[PDB]
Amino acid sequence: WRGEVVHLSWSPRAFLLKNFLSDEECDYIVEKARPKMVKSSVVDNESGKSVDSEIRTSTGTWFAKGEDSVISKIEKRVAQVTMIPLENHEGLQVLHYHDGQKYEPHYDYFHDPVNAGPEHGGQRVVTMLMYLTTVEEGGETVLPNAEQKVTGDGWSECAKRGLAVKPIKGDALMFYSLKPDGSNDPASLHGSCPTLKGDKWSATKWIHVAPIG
């Protein structure tokens, strides 16, 4: 892969990859994902148990690593660009938001004593968010603790609360949950603004500091 990369921010460290995925890839992934979609879950900050929460109202599913030719190419592309080996990557998570669905601002790094355990590949360091559709109204990735907020037209009010990224088909957002020294980066607070008009389909790669297993 090689495409235009737009530096979004340093705090947090955020980069937008233009045309990361082909339309054809985006379409394929949504199609495989549709039948398997269920309510998304979060982990309790203290316990690490996976639970249902008003916080997060998408549906999602998972693809195991290497279980599909199309996604395997993408997988390798994500390892290439992040410069972290495939062993450290969670499976592909596909998500859907529509009709008010959202994900309130949160951190991808774990607070709990279980989920950033050695067995689990240690802490989450970087996330790739691949937008599989272009969203008419809302569904921006918002980073409220960014150094620089967006303003003017074509951004929801939700999105003016931070630095924000309009979901566009084929684009991917890369951002770091950790500083280069491995400390938590609180500047990396992020969410998904309510999707108002449109079906927001995205895919994520949550990559750890160490091999999962």
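All residue numbers refer to positions in the sequence shown, first residue = 1.
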{"property": "Selected stretch [higher average CA B-factor]: 200-208 or 5-13", "result": "5-13"}
{"property": "118-126 versus 100-108 - which carries the larger mean C-alpha B factor in the record", "result": "118-126"}
{"property": "Highest-ranked of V70, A187, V51, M174 once sorted by CA temperature factor in the record", "result": "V70"}
{"property": "Most elevated Cα B-factor in the entry, residues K169, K179, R56, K149", "result": "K149"}
{"property": "Lowest, middle or highest third - CA B-factor, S156", "result": "highest"}
{"property": "Modelled-residue ranking by C-alpha temperature factor, third containing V42", "result": "lowest"}
{"property": "Chain-wide C-alpha B factor ranking for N145, given as lowest, middle or highest third", "result": "highest"}
{"property": "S22 by Cα B-factor - lowest, middle or highest third of the modelled chain", "result": "middle"}
